[PDB]
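The next block is my_file_31.txt, given as compact mmCIF, C-alpha atoms.
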# COMPACT_ATOMS: atom_id res chain seq x y z
CA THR A 18 228.66 26.00 172.45
CA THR A 19 230.83 25.55 175.52
CA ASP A 20 233.82 23.26 175.13
CA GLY A 21 233.18 19.86 176.62
CA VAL A 22 231.89 16.37 176.16
CA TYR A 23 228.18 16.04 175.35
CA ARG A 24 225.52 13.34 175.23
CA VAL A 25 223.73 12.88 171.91
CA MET A 26 220.06 12.13 172.67
CA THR A 27 217.03 11.19 170.56
CA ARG A 28 213.27 11.39 171.09
CA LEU A 31 208.19 8.49 173.37
CA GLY A 32 210.94 8.81 175.98
CA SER A 33 214.53 9.79 175.41
CA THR A 34 217.46 7.51 174.63
CA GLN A 35 221.18 8.26 174.39
CA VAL A 36 222.52 7.28 170.97
CA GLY A 37 226.06 8.60 171.40
CA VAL A 38 228.53 11.22 172.59
CA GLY A 39 230.56 14.01 171.06
CA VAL A 40 233.13 16.72 171.67
CA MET A 41 232.65 20.49 171.40
CA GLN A 42 235.94 22.25 170.75
CA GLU A 43 236.58 25.64 169.16
CA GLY A 44 232.91 26.08 168.33
CA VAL A 45 232.72 22.77 166.44
CA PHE A 46 230.87 19.61 167.49
CA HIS A 47 232.65 16.33 166.67
CA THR A 48 231.06 12.89 166.69
CA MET A 49 230.94 9.61 164.78
CA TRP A 50 228.93 9.42 161.56
CA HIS A 51 227.13 6.26 162.69
CA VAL A 52 225.78 8.11 165.73
CA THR A 53 223.90 10.86 163.89
CA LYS A 54 224.13 9.93 160.17
CA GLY A 55 224.66 13.71 159.72
CA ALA A 56 221.27 14.70 161.10
CA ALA A 57 220.86 18.21 162.45
CA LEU A 58 221.25 18.52 166.21
CA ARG A 59 219.39 20.71 168.66
CA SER A 60 221.37 22.47 171.38
CA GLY A 61 218.97 24.39 173.57
CA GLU A 62 217.12 26.77 171.28
CA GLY A 63 219.83 26.59 168.60
CA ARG A 64 220.42 24.18 165.74
CA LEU A 65 223.73 22.61 164.69
CA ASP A 66 224.12 21.59 161.05
CA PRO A 67 226.74 19.20 159.64
CA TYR A 68 229.73 20.78 157.94
CA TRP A 69 232.11 17.95 157.05
CA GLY A 70 231.77 14.20 157.23
CA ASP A 71 233.05 10.92 155.87
CA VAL A 72 231.48 7.46 156.17
CA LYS A 73 234.78 5.62 155.76
CA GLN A 74 236.40 7.50 158.64
CA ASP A 75 233.04 7.28 160.48
CA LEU A 76 233.32 10.95 161.48
CA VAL A 77 231.25 14.13 161.21
CA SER A 78 231.71 17.71 162.37
CA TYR A 79 229.05 20.37 162.92
CA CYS A 80 229.32 24.17 162.55
CA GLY A 81 232.83 24.09 161.15
CA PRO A 82 235.71 21.88 160.06
CA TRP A 83 237.20 19.09 162.13
CA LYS A 84 239.40 20.62 164.85
CA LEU A 85 240.91 17.65 166.72
CA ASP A 86 244.42 16.74 165.64
CA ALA A 87 246.39 15.18 168.50
CA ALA A 88 247.53 11.57 168.03
CA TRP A 89 248.51 8.69 170.30
CA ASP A 90 252.27 8.62 170.83
CA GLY A 91 252.36 4.82 170.48
CA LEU A 92 253.83 4.22 173.96
CA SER A 93 251.76 5.91 176.67
CA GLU A 94 248.55 5.06 178.42
CA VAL A 95 245.50 7.09 177.44
CA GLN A 96 242.09 7.72 178.99
CA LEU A 97 238.68 6.99 177.56
CA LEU A 98 236.37 9.75 178.84
CA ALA A 99 233.33 7.50 178.68
CA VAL A 100 229.87 9.03 178.97
CA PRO A 101 227.62 5.97 179.22
CA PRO A 102 223.83 6.32 179.11
CA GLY A 103 222.51 7.24 182.54
CA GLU A 104 225.97 7.60 184.07
CA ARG A 105 228.27 10.45 184.99
CA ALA A 106 231.21 11.09 182.68
CA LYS A 107 234.10 8.93 183.87
CA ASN A 108 237.71 8.32 182.92
CA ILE A 109 239.04 4.85 182.10
CA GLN A 110 242.83 4.60 181.70
CA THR A 111 244.37 1.96 179.43
CA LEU A 112 247.37 1.14 177.27
CA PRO A 113 246.10 0.96 173.66
CA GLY A 114 246.84 -1.99 171.44
CA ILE A 115 247.30 -1.54 167.69
CA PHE A 116 245.26 -2.03 164.54
CA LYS A 117 247.83 -2.91 161.86
CA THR A 118 246.51 -1.99 158.40
CA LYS A 119 247.94 -1.78 154.90
CA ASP A 120 247.91 2.01 155.31
CA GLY A 121 249.63 2.18 158.71
CA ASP A 122 249.01 1.56 162.39
CA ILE A 123 246.07 2.91 164.43
CA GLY A 124 245.84 2.85 168.20
CA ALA A 125 243.02 0.71 169.55
CA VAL A 126 241.42 0.34 172.98
CA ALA A 127 240.09 -3.01 174.26
CA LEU A 128 237.23 -1.48 176.21
CA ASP A 129 233.59 -2.55 175.78
CA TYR A 130 231.02 0.07 176.91
CA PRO A 131 227.34 0.43 175.88
CA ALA A 132 226.63 1.50 172.31
CA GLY A 133 225.42 4.94 173.41
CA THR A 134 229.00 5.65 174.49
CA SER A 135 230.07 5.87 170.82
CA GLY A 136 231.74 9.21 170.19
CA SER A 137 233.30 9.43 173.62
CA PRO A 138 236.74 11.05 173.42
CA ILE A 139 240.03 9.31 174.07
CA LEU A 140 242.60 11.60 175.71
CA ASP A 141 246.35 11.80 176.06
CA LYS A 142 248.08 12.84 179.29
CA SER A 143 247.89 16.54 178.35
CA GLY A 144 244.12 16.27 178.02
CA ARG A 145 244.07 16.58 174.23
CA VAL A 146 241.56 14.48 172.29
CA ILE A 147 243.48 11.88 170.25
CA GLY A 148 240.34 10.35 168.76
CA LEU A 149 236.83 9.06 169.36
CA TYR A 150 235.57 5.69 170.66
CA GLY A 151 233.15 3.40 168.87
CA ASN A 152 234.31 2.07 165.50
CA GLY A 153 236.09 -1.26 165.85
CA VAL A 154 236.19 -5.05 165.58
CA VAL A 155 235.39 -8.12 167.67
CA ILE A 156 238.10 -10.63 168.58
CA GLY A 159 234.42 -12.08 171.87
CA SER A 160 235.66 -8.76 173.19
CA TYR A 161 235.14 -5.53 171.29
CA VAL A 162 238.18 -3.41 170.44
CA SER A 163 237.70 0.21 169.31
CA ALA A 164 239.96 2.06 166.94
CA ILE A 165 241.16 5.41 168.25
CA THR A 166 239.50 7.28 165.36
CA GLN A 167 240.98 10.70 164.60
CA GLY A 168 240.18 13.11 161.79
CA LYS A 169 242.35 15.58 159.91
CA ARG A 170 242.68 19.26 160.83
CA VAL B 49 212.84 12.29 165.43
CA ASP B 50 214.61 15.15 167.20
CA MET B 51 218.28 14.69 168.06
CA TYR B 52 219.73 17.00 170.71
CA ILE B 53 222.87 17.41 172.80
CA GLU B 54 223.40 17.85 176.53
CA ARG B 55 226.70 18.82 178.17
CA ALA B 56 228.14 16.06 180.36
CA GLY B 57 231.52 17.40 181.45
CA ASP B 58 234.90 18.98 180.79
CA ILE B 59 237.54 17.21 178.72
CA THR B 60 240.13 16.50 181.40
CA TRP B 61 242.56 13.76 182.37
CA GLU B 62 241.80 12.35 185.82
CA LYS B 63 244.72 11.23 187.97
CA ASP B 64 242.61 8.70 189.89
CA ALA B 65 241.02 6.94 186.95
CA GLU B 66 240.19 3.26 187.03
CA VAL B 67 242.71 1.35 184.91
CA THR B 68 241.77 -1.67 182.82
CA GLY B 69 241.95 -3.36 179.46
CA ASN B 70 244.56 -5.26 177.49
CA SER B 71 246.57 -4.11 174.46
CA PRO B 72 245.98 -6.47 171.53
CA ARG B 73 247.88 -6.27 168.24
CA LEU B 74 245.47 -7.06 165.41
CA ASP B 75 245.76 -7.16 161.63
CA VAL B 76 242.66 -5.46 160.23
CA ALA B 77 241.24 -4.10 156.97
CA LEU B 78 238.99 -1.04 156.59
CA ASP B 79 236.40 -1.22 153.82
CA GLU B 80 234.57 1.52 151.98
CA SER B 81 231.64 1.48 154.43
CA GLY B 82 233.95 2.28 157.35
CA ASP B 83 233.80 -1.26 158.72
CA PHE B 84 236.93 -2.85 160.18
CA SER B 85 237.41 -6.57 159.72
CA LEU B 86 240.09 -8.97 160.87
CA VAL B 87 242.71 -10.18 158.38
CA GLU B 88 244.77 -13.37 158.45
Show how you would write the structure in this file as structure tokens.
Amino acid sequence: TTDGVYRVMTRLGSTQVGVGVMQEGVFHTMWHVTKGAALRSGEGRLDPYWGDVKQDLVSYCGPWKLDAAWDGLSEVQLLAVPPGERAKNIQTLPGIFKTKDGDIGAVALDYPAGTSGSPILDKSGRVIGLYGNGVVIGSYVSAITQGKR
Amino acid sequence: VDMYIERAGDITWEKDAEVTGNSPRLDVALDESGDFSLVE
């Protein structure tokens, strides 16, 4: 239940299917990582609480807690947790997804699929969204996907 | 199929992070299935 970034694993052997963020007793990840399935954490079980396929987000144990947003000007850091690798920080200046409903920050970083759900951070260390829903231009570009608190 | 979580670190900015990646400006659309697609 400790705050932090977590691998999301599945079981012959084990495979990392994604990443998520524990904050304020709530686990945050991308819908496409878990499809809302229950998660084991030690001897405990985490059940989904809120989720939305269009936003590609899901929270466990309580409502979505992450609310910081990219300021539109500053570099950010992807706290990538790739399969088989130590958590590591990748700094970048986001580009922009321009949509009919407004602009979304986007990071032009291409890590393995099991990195989906890794948090993107602002300079204060706040999570401004999660990595792993995006488009191809041949490079992948991820939206900075943030929920509503 | 059992899905389970393992802690991998603190959520912290790192002063000495590797820096990379460009900053593209893209017109996109988001459909009902959560899929982004390019628009022209």
Expected answer as JSON, numbers by chain: chain A residues within 8 Å of chain B, all atoms listed in the file: {"A": [20, 21, 22, 23, 24, 25, 26, 27, 28, 53, 56, 57, 58, 59, 60, 61, 72, 73, 74, 75, 96, 98, 100, 105, 106, 107, 108, 109, 110, 111, 112, 113, 114, 115, 116, 117, 118, 119, 125, 126, 127, 128, 140, 141, 142, 143, 144, 145, 152, 153, 154]}
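Closest to residue 134 of chain A among A:162, A:99, A:80, A:147 is A:99, based on only C-alpha atoms.
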Gap from atom CA of residue 50 of chain A to atom CA of residue 122 of chain A - Å, one decimal: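 Distance between the two atoms: 21.6 Å.
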Spatial neighbours of residue 168 of chain A, 7 Å, all atoms listed in the file, chain gap at least 5 places, as an MDAnalysis selection string: chainID A and resid 83 85:86
Find the residues with any atom within 12 Å of (234.9, 15.4, 165.8); use all atoms listed in the file and the coordinates as given in the file, and write the answer as a short mmCIF file (atom, residue, chain, number, x, y, z; two decimals) with C-alpha atoms, in the frame of the given file.
data_model
loop_
_atom_site.label_atom_id
_atom_site.label_comp_id
_atom_site.auth_asym_id
_atom_site.auth_seq_id
_atom_site.Cartn_x
_atom_site.Cartn_y
_atom_site.Cartn_z
CA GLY A 21 233.18 19.86 176.62
CA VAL A 22 231.89 16.37 176.16
CA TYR A 23 228.18 16.04 175.35
CA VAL A 38 228.53 11.22 172.59
CA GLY A 39 230.56 14.01 171.06
CA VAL A 40 233.13 16.72 171.67
CA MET A 41 232.65 20.49 171.40
CA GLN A 42 235.94 22.25 170.75
CA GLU A 43 236.58 25.64 169.16
CA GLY A 44 232.91 26.08 168.33
CA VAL A 45 232.72 22.77 166.44
CA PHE A 46 230.87 19.61 167.49
CA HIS A 47 232.65 16.33 166.67
CA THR A 48 231.06 12.89 166.69
CA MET A 49 230.94 9.61 164.78
CA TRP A 50 228.93 9.42 161.56
CA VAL A 52 225.78 8.11 165.73
CA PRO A 67 226.74 19.20 159.64
CA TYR A 68 229.73 20.78 157.94
CA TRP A 69 232.11 17.95 157.05
CA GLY A 70 231.77 14.20 157.23
CA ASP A 71 233.05 10.92 155.87
CA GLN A 74 236.40 7.50 158.64
CA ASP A 75 233.04 7.28 160.48
CA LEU A 76 233.32 10.95 161.48
CA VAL A 77 231.25 14.13 161.21
CA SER A 78 231.71 17.71 162.37
CA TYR A 79 229.05 20.37 162.92
CA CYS A 80 229.32 24.17 162.55
CA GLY A 81 232.83 24.09 161.15
CA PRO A 82 235.71 21.88 160.06
CA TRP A 83 237.20 19.09 162.13
CA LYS A 84 239.40 20.62 164.85
CA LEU A 85 240.91 17.65 166.72
CA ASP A 86 244.42 16.74 165.64
CA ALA A 87 246.39 15.18 168.50
CA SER A 135 230.07 5.87 170.82
CA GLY A 136 231.74 9.21 170.19
CA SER A 137 233.30 9.43 173.62
CA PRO A 138 236.74 11.05 173.42
CA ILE A 139 240.03 9.31 174.07
CA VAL A 146 241.56 14.48 172.29
CA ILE A 147 243.48 11.88 170.25
CA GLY A 148 240.34 10.35 168.76
CA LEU A 149 236.83 9.06 169.36
CA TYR A 150 235.57 5.69 170.66
CA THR A 166 239.50 7.28 165.36
CA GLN A 167 240.98 10.70 164.60
CA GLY A 168 240.18 13.11 161.79
CA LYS A 169 242.35 15.58 159.91
CA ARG A 170 242.68 19.26 160.83
#
Coordinates-based distance that separates atom CA of residue 156 of chain A from atom CA of residue 34 of chain A (Å, one decimal):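 Straight-line distance from atom CA of residue 34 of chain A to atom CA of residue 156 of chain A works out to 28.1 Å.
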Length of the atom CA of residue 92 of chain A to atom CA of residue 133 of chain A vector [Å]: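 Atom-to-atom, atom CA of residue 92 of chain A to atom CA of residue 133 of chain A, that is 28.4 Å.
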